[PDB]
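Enquirer: Following this message is one structure expressed as structure tokens.
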Amino acid sequence: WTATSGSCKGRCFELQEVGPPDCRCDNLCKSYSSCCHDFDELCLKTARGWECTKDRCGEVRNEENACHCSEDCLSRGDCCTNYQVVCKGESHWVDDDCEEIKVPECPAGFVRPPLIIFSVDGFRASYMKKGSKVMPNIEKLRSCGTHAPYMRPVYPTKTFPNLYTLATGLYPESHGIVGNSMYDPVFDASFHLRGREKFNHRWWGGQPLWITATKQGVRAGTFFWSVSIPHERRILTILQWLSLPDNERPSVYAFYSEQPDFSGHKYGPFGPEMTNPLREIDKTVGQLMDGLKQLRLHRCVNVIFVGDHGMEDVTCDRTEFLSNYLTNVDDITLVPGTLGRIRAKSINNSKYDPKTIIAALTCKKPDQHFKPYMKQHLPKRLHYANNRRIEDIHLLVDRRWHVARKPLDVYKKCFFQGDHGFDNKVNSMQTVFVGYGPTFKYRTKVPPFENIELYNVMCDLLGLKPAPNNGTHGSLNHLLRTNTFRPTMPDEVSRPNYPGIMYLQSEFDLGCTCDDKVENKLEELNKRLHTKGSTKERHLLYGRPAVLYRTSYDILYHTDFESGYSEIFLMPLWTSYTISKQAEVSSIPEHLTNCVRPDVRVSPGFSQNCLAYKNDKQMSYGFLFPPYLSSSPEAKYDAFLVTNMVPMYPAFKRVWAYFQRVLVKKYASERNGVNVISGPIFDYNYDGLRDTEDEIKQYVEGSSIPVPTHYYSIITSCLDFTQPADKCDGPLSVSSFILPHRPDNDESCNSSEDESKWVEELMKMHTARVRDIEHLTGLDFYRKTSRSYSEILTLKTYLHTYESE
Ligand SMILES: *[C@@H]1O[C@H](CO)[C@@H](O[C@@H]2O[C@H](CO)[C@@H](O[C@@H]3O[C@H](CO[C@H]4O[C@H](CO)[C@@H](O)[C@H](O[C@H]5O[C@H](CO)[C@@H](O)[C@H](O)[C@@H]5O[C@H]5O[C@H](CO)[C@@H](O)[C@H](O)[C@@H]5O)[C@@H]4O)[C@@H](O)[C@H](O[C@H]4O[C@H](CO)[C@@H](O)[C@H](O)[C@@H]4O[C@H]4O[C@H](CO)[C@@H](O)[C@H](O)[C@@H]4O)[C@@H]3O)[C@H](O)[C@H]2NC(C)=O)[C@H](O)[C@H]1NC(C)=O
Ligand SMILES: COc1ncccc1-c1cc(Cl)c(C)cc1OCc1n[nH]c(=O)n1C
Ligand SMILES: [Ca+2]
Ligand SMILES: [Cl-]
Ligand code: NA
Ligand code: NA
Ligand SMILES: [Zn+2]
């Protein structure tokens with residue numbers, strides 16, 4: 001109950017929310033049924049519209065009007081935004097030349113440039129070029145300021161997950177808003193876009209920007225606008241707050257538009273009907289910039305123009321139905337549309353079986369337009385698993401499609417022509433970023449980046465210390481003219497051992513054999529130097545990775561490769577090798593087919609053993625440095641060391657062998673040499689972070705050899721591919737992957753074919769950032785380069801997407 005008969009006189013859009021059952025005059029009151037009786041009359045004035053006209057200039061103040069053209073309006077801070085244009089012969093901001101903003105030019109009393117976040121729903125990245133003729137204000141921001149060709153959203157590419165990621169710097173699995181709809185079984189409560197539970201604070205984790213600012217003594221305006229407040233009134237309210245006294249005035253503000261998303265759903269991303277919502281958004285931008293210019297703030301405020309996600313063509317006839325696959329459709333609940341999430345209709349049914357649901361959905365029709373996953377098997381780049389609100393069973397839906405439970409669900413709800421929510425690497429889901437102001441660079445283009453990075457930068461723009469988040473702070477320093485954050489490299493926690501020859505062959509009883517006793521001063525001194533690190537400058541181009549946790553490991557040098565060997569996990573944590581453009585692929589010789597050789601630098605007690613693999617009928621093994629790429633018949637023996645072996649399901653070895661035998665050489669030819677770092681990942685609790693030894697759920701049968709959940713590779717070369725990877729003077733180029741270590745290839749519907757028709761497709765799906773691998777391994781790469789650390793941070797956040805242009 002709200003005693004809604006107090007008054008909003010003098011309180012309109014008050015910044016603090018007052019205590020119930022007293023009535024509220026803040027923006028949110030509309031959303032909560034809680035506004036005072038006179039809110040509309042006082043706070044949502046509309047008389048005479050939003051623009052000054054020649055006849056209103058100098059008019060007698062009339063407090064009924066939406067905005068004012070009276071002589072006193074500037075000092076009252078409540079002029080219509082085109083006041084100076086219509087009445088004082090001023091130009092619109094969009095008609096002025098741009099001029100570099102080298103320093104903030106702010107009114108007396110401003111302690112820091114304010115930040116205004118102008119957020120637009122469904123603003124697909126290509127609108128910037130395609131709609132440029134109808135968006136002159138936006139185009140001036142973009143061309144004069146700092147812009148990316150696009151910004152990558154988070155998955156699922158829906159409004160609530162993305163805006164709350166913008167606010168917090170966190171992945172949806174960590175902030176808790178994992179979809180536009182949700183069930184939380186600890187709460188036993190549901191979350192819906194329309195409705196009231198969504199306002200309960202227990203949905204919303206992390207620490208959003210407005211809370212970060214408030215805790216650190218910086219005041220914040222409204223971020224969440226009640227839907228029925230018109231855009232013009234949102235703009236005027238921001239401008240009025242900017243005229244408050246210094247002690248009362250917020251330093252951070254947000255505007256939000258539900259367009260162009262609302263129209264895109266109805267008409268498709270490029271429907272002829274889309275031109276008008278883009279003109280209208282541009283007009284709102286012009287209103288803000290004219291308002292800033294009147295307040296003399298237009299060379300003082302930093303403005304961020306940002307989208308939450310794009311928009312794809314999607315119609316009702318592109319709907320797959322679970323009822324075409326499942327006979328038990330009534331025992332399940334599906335969250336439908338551009339992704340699928342499945343759980344049991346009833347937790348009292350112990351015959352509900354996730355395993356047979358998945359199998360019933362897997363490669364069942366020849367052009368099937370979605371793919372089922374246990375959430376832990378989703379591409380690690382999605383970071384979409386470590387939350388009780390994400391259902392164990394997930395469906396990744398093809399772009400342009402929907403999934404629904406039953407046909408009745410689609411027609412008892414064709415209306416829509418657009419939708420979004422798909423995989424965040426899809427081109428149509430990409431959105432926009434422009435930064436304009438004294439703290440941003442002038443006429444500068446930056447490479448695409450992920451929206452999880454913006455929270456750090458907004459904190460930098462406001463002099464705030466960010467709460468812990470998933471951005472990599474410093475990776476966006478190149479956007480900024482000043483206020484950069486000067487990150488330092490994390491310190492190494494464990495230093496390596498450098499073991500020499502310490503064991504005789506007969507001390508090993510690992511059940512391994514190798515046909516290797518096949519018998520010189522020229523090349524006995526030569527191979528001693530190789531074991532000592534003579535070729536390490538070739539194979540370890542960017543320094544050794546730092547180990548950032550406490551552990552016991554050895555560095556092992558070889559002619560063709562260097563590794564960091566873990567005495568705890570009995571395998572390398574990383575293996576580094578460089579393949580030049582000229583390098584040759586050879587085969588594994590016959591007499592060496594099943595060869596595994598004890599490593600006399602490493603004790604039997606810290607080694608894997610072959611018997612375990614023999615005994616384990618499901619588990620085979622592979623090698624981190626591929627024998628196929630050995631530099632000489634004699635160097636090839638190093639590749640069969642027991643210290644280069646890792647456990648691999650036979651199904652996975654099909655993938656790995658193809659990568660090693662074909663793809664590495666292909667990349668080396670195309671990129672002019674590559675450096676490769678490969679290794680295992682253990683993420684049994686699917687949190688995106690390295691497992692400790694006591695978290696491992698699977699071992700090679702009868703042994704202490706832990707089984708990786710994934711295998712990674714980081715492939716680095718020169719960005720200027722006229723220089724070979726091992727002799728690169730300038731910026732680097734990288735691509736990486738984190739391949740799931742699975743006992744079948746059910747994920748790949750064409751796997752019964754030759755690896756050349758499916759393997760590279762699978763690796764592309766599992767593309768990764770170097771940063772994703774760092775989290776999963778506790779390693780820190782690129783420690784010794786000639787590049788600035790900010791540049792290296794940007795390189796480590798790069799994702800190679802395999803989308804076209
Ligand atoms: C992306 O960035 C984020 C932020 O940096 C990273 O997430 C952090 O990960 C840390 C490690 O996993 C984690 O640290 C833990 O904190 C626990 C205290 O947690 C509360 O307080 C924080 C801080 O204010 C708060 O943010 C948390 O909020 C979570 O919980 C509620 C749900 O109830 C949500 O509203 C909210 O959205 C958020 O949920 C998310 O995180 C939790 C994990 O905390 C997940 O379970 C959810 O699915 C969701 O994603 C909390 O309210 C603390 O309890 C932990 O301590 C244990 O582990 C330490 C190791 O130091 C051990 O020594 C201790 O003994 C302790 O173990 C004891 O408890 C165990 C579990 O009950 C028990 O098994 C043992 O036997 C012991 O008795 C731990 O330090 C931190 O909370 C999150 N922060 C956030 C915001 O998510 C994330 O890792 C990054 N991702 C990537 C890929 O890099
Ligand atoms: C789902 O976003 C939110 N949820 C809860 C708190 C705040 C935000 C939020 C956060 C940011 Cl960073 C921005 C830039 C806009 C936001 O909300 C805008 C909004 N107003 N009205 C409406 O419907 N939306 C989505
Ligand atoms: Ca883990
Ligand atoms: Cl959703
Ligand atoms: Na075996
Ligand atoms: Na298959
Ligand atoms: Zn939408």
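Within each chain, counting starts at residue 1; across the structure tokens, chains are named A, B, ... in the order shown, with ligands numbered 1 upward in that order.
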Return as a list in words the residues of protein, DNA or RNA that approach ligand 1 to within 7 Å, with only C-alpha atoms and all ligand atoms taken into account.

Expert: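 With only C-alpha atoms and all ligand atoms and a cut-off of 7 Å, ligand 1 is contacted by residues 170, 171, 173, 174, 175, 176, 202, 203, 204, 205, 206, 383, 386, 387, 388, 468, 469, 470, 687, 688, 689, 772 and 775 of chain A.
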
Enquirer: Would you please give, as a ChimeraX atom specification, all residues of range 342-402 of chain A that DSSP assigns to strand (DSSP E or B) based on the backbone?

Expert: /A:342-344,370-374,393-397,402

Enquirer: Using only C-alpha atoms, can you tell me which of A:602, A:461, A:86, A:596 comes closest to residue 511 in chain A?

Expert: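 Smallest separation from residue 511 in chain A among the options: A:596.
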
Enquirer: Each residue of chain A lying at most 12 Å from ligand 7 should get a row with its shortest atom-to-atom pair and the distance in Å to one decimal, counting only C-alpha atoms and all ligand atoms; could you produce that, ordered by chain and increasing number, as a tab-separated table?

Expert:
residue	atom	partner	partner_atom_place_in_ligand_line	distance
A:120	CA	ligand 7	1 (Zn)	10.9
A:121	CA	ligand 7	1 (Zn)	7.1
A:122	CA	ligand 7	1 (Zn)	6.1
A:123	CA	ligand 7	1 (Zn)	9.9
A:124	CA	ligand 7	1 (Zn)	11.3
A:156	CA	ligand 7	1 (Zn)	11.7
A:157	CA	ligand 7	1 (Zn)	9.2
A:158	CA	ligand 7	1 (Zn)	6.6
A:159	CA	ligand 7	1 (Zn)	6.5
A:160	CA	ligand 7	1 (Zn)	9.8
A:161	CA	ligand 7	1 (Zn)	11.8
A:162	CA	ligand 7	1 (Zn)	11.4
A:180	CA	ligand 7	1 (Zn)	9.8
A:193	CA	ligand 7	1 (Zn)	11.2
A:257	CA	ligand 7	1 (Zn)	11.6
A:258	CA	ligand 7	1 (Zn)	8.4
A:259	CA	ligand 7	1 (Zn)	9.1
A:260	CA	ligand 7	1 (Zn)	8.9
A:261	CA	ligand 7	1 (Zn)	5.0
A:262	CA	ligand 7	1 (Zn)	6.3
A:263	CA	ligand 7	1 (Zn)	9.0
A:264	CA	ligand 7	1 (Zn)	7.7
A:265	CA	ligand 7	1 (Zn)	6.3
A:266	CA	ligand 7	1 (Zn)	9.9
A:267	CA	ligand 7	1 (Zn)	11.9
A:268	CA	ligand 7	1 (Zn)	11.0
A:269	CA	ligand 7	1 (Zn)	10.9
A:307	CA	ligand 7	1 (Zn)	11.6
A:308	CA	ligand 7	1 (Zn)	9.6
A:309	CA	ligand 7	1 (Zn)	8.4
A:310	CA	ligand 7	1 (Zn)	8.6
A:311	CA	ligand 7	1 (Zn)	7.6
A:312	CA	ligand 7	1 (Zn)	10.2
A:314	CA	ligand 7	1 (Zn)	11.8
A:337	CA	ligand 7	1 (Zn)	11.6
A:338	CA	ligand 7	1 (Zn)	10.9
A:416	CA	ligand 7	1 (Zn)	10.7
A:417	CA	ligand 7	1 (Zn)	11.3
A:418	CA	ligand 7	1 (Zn)	8.2
A:419	CA	ligand 7	1 (Zn)	6.1
A:420	CA	ligand 7	1 (Zn)	6.4
A:421	CA	ligand 7	1 (Zn)	8.4
A:422	CA	ligand 7	1 (Zn)	11.7
A:429	CA	ligand 7	1 (Zn)	11.0

Enquirer: How would the residues just chosen look if you wrote them out with C-alpha atoms as an mmCIF file, in the first residue's frame?

Expert:
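Output below, filename result-v3.cif:
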data_model
loop_
_atom_site.group_PDB
_atom_site.id
_atom_site.type_symbol
_atom_site.label_atom_id
_atom_site.label_comp_id
_atom_site.auth_asym_id
_atom_site.auth_seq_id
_atom_site.Cartn_x
_atom_site.Cartn_y
_atom_site.Cartn_z
ATOM 1 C CA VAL A 120 20.004 2.147 -27.794
ATOM 2 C CA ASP A 121 18.200 -1.224 -27.942
ATOM 3 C CA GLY A 122 18.621 -3.424 -31.069
ATOM 4 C CA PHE A 123 21.055 -1.064 -32.766
ATOM 5 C CA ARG A 124 22.879 -3.389 -35.126
ATOM 6 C CA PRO A 156 22.501 -14.512 -24.814
ATOM 7 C CA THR A 157 22.322 -11.416 -27.005
ATOM 8 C CA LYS A 158 19.133 -10.124 -25.279
ATOM 9 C CA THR A 159 18.443 -6.768 -23.708
ATOM 10 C CA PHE A 160 18.575 -7.466 -19.932
ATOM 11 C CA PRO A 161 21.740 -9.641 -19.918
ATOM 12 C CA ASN A 162 23.579 -7.117 -22.085
ATOM 13 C CA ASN A 180 15.106 -12.210 -20.466
ATOM 14 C CA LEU A 193 10.417 -8.819 -18.407
ATOM 15 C CA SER A 257 15.760 4.078 -26.083
ATOM 16 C CA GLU A 258 13.609 0.957 -26.747
ATOM 17 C CA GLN A 259 14.154 1.773 -30.470
ATOM 18 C CA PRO A 260 15.204 0.650 -32.953
ATOM 19 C CA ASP A 261 14.611 -2.826 -31.348
ATOM 20 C CA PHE A 262 10.839 -2.396 -30.988
ATOM 21 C CA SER A 263 10.417 -1.667 -34.713
ATOM 22 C CA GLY A 264 13.085 -4.227 -35.772
ATOM 23 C CA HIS A 265 11.070 -7.014 -34.192
ATOM 24 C CA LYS A 266 8.005 -6.014 -36.292
ATOM 25 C CA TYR A 267 9.726 -5.184 -39.586
ATOM 26 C CA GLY A 268 13.079 -6.984 -39.703
ATOM 27 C CA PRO A 269 16.498 -5.340 -39.315
ATOM 28 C CA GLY A 307 23.922 -0.646 -28.210
ATOM 29 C CA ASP A 308 22.969 -3.762 -26.284
ATOM 30 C CA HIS A 309 22.719 -6.204 -29.302
ATOM 31 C CA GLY A 310 21.801 -6.321 -32.996
ATOM 32 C CA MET A 311 18.790 -7.759 -34.903
ATOM 33 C CA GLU A 312 18.476 -10.623 -37.404
ATOM 34 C CA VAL A 314 13.569 -14.262 -38.161
ATOM 35 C CA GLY A 337 12.992 -18.707 -29.242
ATOM 36 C CA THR A 338 16.518 -17.754 -30.364
ATOM 37 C CA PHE A 416 7.435 -10.709 -36.074
ATOM 38 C CA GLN A 417 10.106 -10.347 -38.752
ATOM 39 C CA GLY A 418 13.112 -9.792 -36.475
ATOM 40 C CA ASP A 419 14.672 -11.189 -33.349
ATOM 41 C CA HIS A 420 18.008 -11.578 -31.518
ATOM 42 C CA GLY A 421 19.476 -13.762 -28.732
ATOM 43 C CA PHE A 422 21.799 -15.901 -30.934
ATOM 44 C CA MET A 429 24.072 -9.614 -33.354
#

Enquirer: Can you list every residue of chain A that has an atom at most 7 Å from ligand 6, with its nearest atom pair and the distance in Å to one decimal, using only C-alpha atoms and all ligand atoms, ordered by chain then number, as CSV?

Expert:
residue,atom,partner,partner_atom_place_in_ligand_line,distance
A:745,CA,ligand 6,1 (Na),4.5
A:746,CA,ligand 6,1 (Na),3.8
A:747,CA,ligand 6,1 (Na),5.9
A:748,CA,ligand 6,1 (Na),4.4
A:749,CA,ligand 6,1 (Na),4.2
A:750,CA,ligand 6,1 (Na),5.7
A:751,CA,ligand 6,1 (Na),4.3
A:752,CA,ligand 6,1 (Na),6.3

Enquirer: Include N, CA and C atoms and write out the residues we just selected as a JSON list (two decimals), in the first residue's frame.

Expert:
[["chain", "number", "residue", "atom", "x", "y", "z"],
["A", 745, "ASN", "N", 32.21, -37.71, -31.04],
["A", 745, "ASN", "CA", 32.09, -36.52, -31.82],
["A", 745, "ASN", "C", 30.62, -36.23, -32.16],
["A", 746, "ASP", "N", 29.73, -36.50, -31.21],
["A", 746, "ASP", "CA", 28.30, -36.22, -31.44],
["A", 746, "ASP", "C", 28.02, -34.75, -31.78],
["A", 747, "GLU", "N", 28.85, -33.86, -31.25],
["A", 747, "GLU", "CA", 28.72, -32.43, -31.57],
["A", 747, "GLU", "C", 28.84, -32.17, -33.08],
["A", 748, "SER", "N", 29.64, -32.98, -33.76],
["A", 748, "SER", "CA", 29.85, -32.76, -35.18],
["A", 748, "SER", "C", 29.05, -33.74, -36.07],
["A", 749, "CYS", "N", 27.92, -33.28, -36.63],
["A", 749, "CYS", "CA", 26.99, -34.17, -37.39],
["A", 749, "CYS", "C", 27.60, -34.84, -38.62],
["A", 750, "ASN", "N", 28.69, -34.28, -39.15],
["A", 750, "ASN", "CA", 29.36, -34.85, -40.33],
["A", 750, "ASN", "C", 30.67, -35.56, -39.97],
["A", 751, "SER", "N", 30.82, -35.93, -38.69],
["A", 751, "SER", "CA", 32.06, -36.61, -38.22],
["A", 751, "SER", "C", 32.41, -37.99, -38.80],
["A", 752, "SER", "N", 31.44, -38.68, -39.36],
["A", 752, "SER", "CA", 31.75, -39.97, -39.99],
["A", 752, "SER", "C", 32.50, -39.72, -41.32]]

Enquirer: For ligand 2, return the neighbouring residues as a PyMOL selection string (distance at most 8 Å; only C-alpha atoms and all ligand atoms).

Expert: chain A and resi 117-119+159-168+208-209+223-227+254-258+306

Enquirer: Keeping only N, CA, C and O atoms, take the residues you just selected and write them out as a short mmCIF file (atom, residue, chain, number, x, y, z; two decimals), in the first residue's frame.

Expert:
data_model
loop_
_atom_site.label_atom_id
_atom_site.label_comp_id
_atom_site.auth_asym_id
_atom_site.auth_seq_id
_atom_site.Cartn_x
_atom_site.Cartn_y
_atom_site.Cartn_z
N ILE A 117 25.75 8.11 -20.75
CA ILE A 117 25.66 6.85 -21.51
C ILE A 117 24.35 6.89 -22.31
O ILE A 117 23.27 6.93 -21.73
N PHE A 118 24.45 6.96 -23.64
CA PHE A 118 23.26 7.00 -24.46
C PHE A 118 23.08 5.61 -25.05
O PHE A 118 23.80 5.21 -25.98
N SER A 119 22.19 4.83 -24.45
CA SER A 119 22.04 3.42 -24.87
C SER A 119 20.83 3.18 -25.76
O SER A 119 19.71 3.67 -25.49
N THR A 159 18.34 -8.09 -24.24
CA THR A 159 18.44 -6.77 -23.71
C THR A 159 18.93 -6.75 -22.24
O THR A 159 19.92 -6.07 -21.89
N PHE A 160 18.28 -7.52 -21.37
CA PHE A 160 18.57 -7.47 -19.93
C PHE A 160 19.97 -8.01 -19.59
O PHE A 160 20.71 -7.36 -18.84
N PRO A 161 20.35 -9.17 -20.14
CA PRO A 161 21.74 -9.64 -19.92
C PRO A 161 22.78 -8.64 -20.39
O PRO A 161 23.77 -8.43 -19.68
N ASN A 162 22.55 -8.00 -21.53
CA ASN A 162 23.58 -7.12 -22.09
C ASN A 162 23.68 -5.78 -21.37
O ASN A 162 24.80 -5.30 -21.11
N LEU A 163 22.54 -5.21 -21.00
CA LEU A 163 22.60 -3.92 -20.31
C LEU A 163 23.15 -4.12 -18.92
O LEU A 163 23.88 -3.27 -18.48
N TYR A 164 22.86 -5.23 -18.24
CA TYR A 164 23.39 -5.39 -16.92
C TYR A 164 24.89 -5.79 -16.98
O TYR A 164 25.64 -5.53 -16.04
N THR A 165 25.31 -6.45 -18.06
CA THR A 165 26.80 -6.60 -18.32
C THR A 165 27.47 -5.25 -18.55
O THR A 165 28.60 -5.00 -18.04
N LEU A 166 26.81 -4.34 -19.29
CA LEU A 166 27.37 -3.01 -19.46
C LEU A 166 27.54 -2.33 -18.12
O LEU A 166 28.57 -1.71 -17.87
N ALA A 167 26.54 -2.48 -17.26
CA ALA A 167 26.55 -1.87 -15.91
C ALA A 167 27.60 -2.44 -14.94
O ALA A 167 28.06 -1.70 -14.06
N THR A 168 27.96 -3.72 -15.10
CA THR A 168 28.75 -4.43 -14.07
C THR A 168 30.14 -4.91 -14.54
O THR A 168 30.99 -5.21 -13.73
N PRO A 208 26.77 -2.74 -9.93
CA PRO A 208 26.63 -1.89 -11.08
C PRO A 208 27.21 -0.50 -10.90
O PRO A 208 27.42 -0.01 -9.76
N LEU A 209 27.47 0.15 -12.04
CA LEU A 209 28.21 1.41 -12.07
C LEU A 209 27.65 2.48 -11.13
O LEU A 209 28.42 3.23 -10.52
N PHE A 223 19.40 5.21 -14.26
CA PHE A 223 19.67 4.38 -15.43
C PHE A 223 18.42 3.71 -16.01
O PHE A 223 18.30 3.55 -17.24
N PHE A 224 17.51 3.28 -15.15
CA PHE A 224 16.33 2.56 -15.65
C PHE A 224 15.13 3.50 -15.77
O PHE A 224 14.60 3.96 -14.75
N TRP A 225 14.75 3.83 -17.01
CA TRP A 225 13.64 4.76 -17.22
C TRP A 225 12.31 3.99 -17.33
O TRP A 225 12.22 2.96 -18.03
N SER A 226 11.30 4.44 -16.60
CA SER A 226 9.97 3.85 -16.72
C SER A 226 9.50 4.09 -18.15
O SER A 226 9.68 5.22 -18.73
N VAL A 227 8.96 3.02 -18.72
CA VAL A 227 8.69 2.92 -20.16
C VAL A 227 7.77 4.05 -20.69
O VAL A 227 7.92 4.49 -21.84
N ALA A 254 22.38 8.11 -17.55
CA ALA A 254 22.10 7.22 -18.75
C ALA A 254 20.79 7.61 -19.40
O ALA A 254 19.87 8.06 -18.71
N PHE A 255 20.74 7.48 -20.72
CA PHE A 255 19.49 7.58 -21.47
C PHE A 255 19.31 6.19 -22.06
O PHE A 255 20.29 5.53 -22.38
N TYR A 256 18.07 5.76 -22.22
CA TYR A 256 17.82 4.51 -22.90
C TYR A 256 16.68 4.71 -23.92
O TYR A 256 15.69 5.37 -23.59
N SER A 257 16.85 4.17 -25.13
CA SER A 257 15.76 4.08 -26.08
C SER A 257 15.40 2.60 -26.37
O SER A 257 16.28 1.81 -26.69
N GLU A 258 14.12 2.28 -26.30
CA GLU A 258 13.61 0.96 -26.75
C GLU A 258 13.63 0.76 -28.29
O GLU A 258 13.40 -0.35 -28.80
N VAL A 306 26.08 3.66 -27.29
CA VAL A 306 26.27 2.20 -27.16
C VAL A 306 24.96 1.41 -27.36
O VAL A 306 23.86 1.84 -26.89
#

Enquirer: Can you tell me, as a PyMOL selection string, what residues are no more than 10 Å from range 17-23 of chain A when counting only C-alpha atoms, ignoring any on the same chain fewer than 5 positions away?

Expert: chain A and resi 1-8+28-29+33-37+39

Enquirer: For the selection you just gave me, I'd like the residues written to a file as a PDB file, in the first residue's frame, keeping N, CA and C atoms.

Expert:
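And here is the file that came out, result_25.pdb:
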ATOM      1  N   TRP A   1       0.823  -1.244   0.000  1.00  0.00           N
ATOM      2  CA  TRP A   1       0.000   0.000   0.000  1.00  0.00           C
ATOM      3  C   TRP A   1       0.844   1.275   0.000  1.00  0.00           C
ATOM      4  N   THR A   2       0.577   2.119  -1.000  1.00  0.00           N
ATOM      5  CA  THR A   2       1.168   3.459  -1.088  1.00  0.00           C
ATOM      6  C   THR A   2       0.095   4.513  -0.754  1.00  0.00           C
ATOM      7  N   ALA A   3       0.322   5.255   0.335  1.00  0.00           N
ATOM      8  CA  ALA A   3      -0.473   6.445   0.677  1.00  0.00           C
ATOM      9  C   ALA A   3      -0.183   7.579  -0.331  1.00  0.00           C
ATOM     10  N   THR A   4      -0.726   7.422  -1.546  1.00  0.00           N
ATOM     11  CA  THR A   4      -0.359   8.245  -2.724  1.00  0.00           C
ATOM     12  C   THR A   4      -0.963   9.684  -2.779  1.00  0.00           C
ATOM     13  N   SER A   5      -1.195  10.289  -1.610  1.00  0.00           N
ATOM     14  CA  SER A   5      -1.777  11.631  -1.544  1.00  0.00           C
ATOM     15  C   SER A   5      -0.895  12.724  -0.893  1.00  0.00           C
ATOM     16  N   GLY A   6       0.422  12.492  -0.821  1.00  0.00           N
ATOM     17  CA  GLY A   6       1.400  13.586  -0.682  1.00  0.00           C
ATOM     18  C   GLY A   6       1.589  14.223  -2.063  1.00  0.00           C
ATOM     19  N   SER A   7       2.495  15.193  -2.187  1.00  0.00           N
ATOM     20  CA  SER A   7       2.668  15.917  -3.453  1.00  0.00           C
ATOM     21  C   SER A   7       4.099  15.950  -4.060  1.00  0.00           C
ATOM     22  N   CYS A   8       4.160  15.988  -5.392  1.00  0.00           N
ATOM     23  CA  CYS A   8       5.441  16.062  -6.075  1.00  0.00           C
ATOM     24  C   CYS A   8       5.918  17.470  -6.342  1.00  0.00           C
ATOM     25  N   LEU A  28      11.296   5.949 -11.047  1.00  0.00           N
ATOM     26  CA  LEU A  28      10.816   4.585 -10.880  1.00  0.00           C
ATOM     27  C   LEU A  28       9.390   4.441 -10.334  1.00  0.00           C
ATOM     28  N   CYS A  29       8.858   5.486  -9.688  1.00  0.00           N
ATOM     29  CA  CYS A  29       7.501   5.423  -9.141  1.00  0.00           C
ATOM     30  C   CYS A  29       6.447   4.844 -10.135  1.00  0.00           C
ATOM     31  N   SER A  33       3.728   1.390  -9.217  1.00  0.00           N
ATOM     32  CA  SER A  33       2.384   1.826  -8.769  1.00  0.00           C
ATOM     33  C   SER A  33       2.407   2.928  -7.702  1.00  0.00           C
ATOM     34  N   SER A  34       3.558   3.558  -7.481  1.00  0.00           N
ATOM     35  CA  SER A  34       3.741   4.353  -6.258  1.00  0.00           C
ATOM     36  C   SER A  34       3.859   5.881  -6.377  1.00  0.00           C
ATOM     37  N   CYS A  35       3.551   6.447  -7.544  1.00  0.00           N
ATOM     38  CA  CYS A  35       3.669   7.895  -7.729  1.00  0.00           C
ATOM     39  C   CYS A  35       2.630   8.637  -6.920  1.00  0.00           C
ATOM     40  N   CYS A  36       2.943   9.866  -6.497  1.00  0.00           N
ATOM     41  CA  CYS A  36       1.933  10.756  -5.903  1.00  0.00           C
ATOM     42  C   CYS A  36       0.851  11.110  -6.935  1.00  0.00           C
ATOM     43  N   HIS A  37      -0.287  11.582  -6.415  1.00  0.00           N
ATOM     44  CA  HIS A  37      -1.457  11.896  -7.187  1.00  0.00           C
ATOM     45  C   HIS A  37      -1.174  12.886  -8.327  1.00  0.00           C
ATOM     46  N   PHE A  39       1.871  13.576  -9.861  1.00  0.00           N
ATOM     47  CA  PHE A  39       3.062  13.274 -10.664  1.00  0.00           C
ATOM     48  C   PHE A  39       2.871  13.604 -12.130  1.00  0.00           C
TER      49      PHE A  39
END

Enquirer: Can you tell me how far CA of residue 291 in chain A sits from CA of residue 15 in chain A, in Å to one decimal?

Expert: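 Answer for the CA of residue 291 in chain A to CA of residue 15 in chain A separation: 20.3 Å.
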
Enquirer: May I ask for the distance between CA of residue 543 in chain A and CA of residue 671 in chain A, given in Å to one decimal place?

Expert: 20.7 Å

Enquirer: Find the residues near residue 594 in chain A: any atom within 8 Å, counting only C-alpha atoms, skip ones fewer than 3 places away on the same chain, and give them as a list in words.

Expert: residues 513, 514 and 591 of chain A

Enquirer: Those same residues, written as a compact mmCIF listing (two decimals), in the first residue's frame with N, CA, C and O atoms?

Expert:
# COMPACT_ATOMS: atom_id res chain seq x y z
N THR A 513 57.49 -48.96 -24.12
CA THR A 513 58.61 -49.45 -24.97
C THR A 513 58.83 -48.49 -26.12
O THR A 513 57.89 -47.81 -26.57
N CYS A 514 60.06 -48.45 -26.61
CA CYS A 514 60.37 -47.74 -27.83
C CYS A 514 61.49 -48.45 -28.56
O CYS A 514 62.50 -48.82 -27.94
N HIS A 591 58.48 -48.13 -37.02
CA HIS A 591 59.11 -48.73 -35.86
C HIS A 591 58.89 -47.87 -34.59
O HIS A 591 59.20 -48.31 -33.47
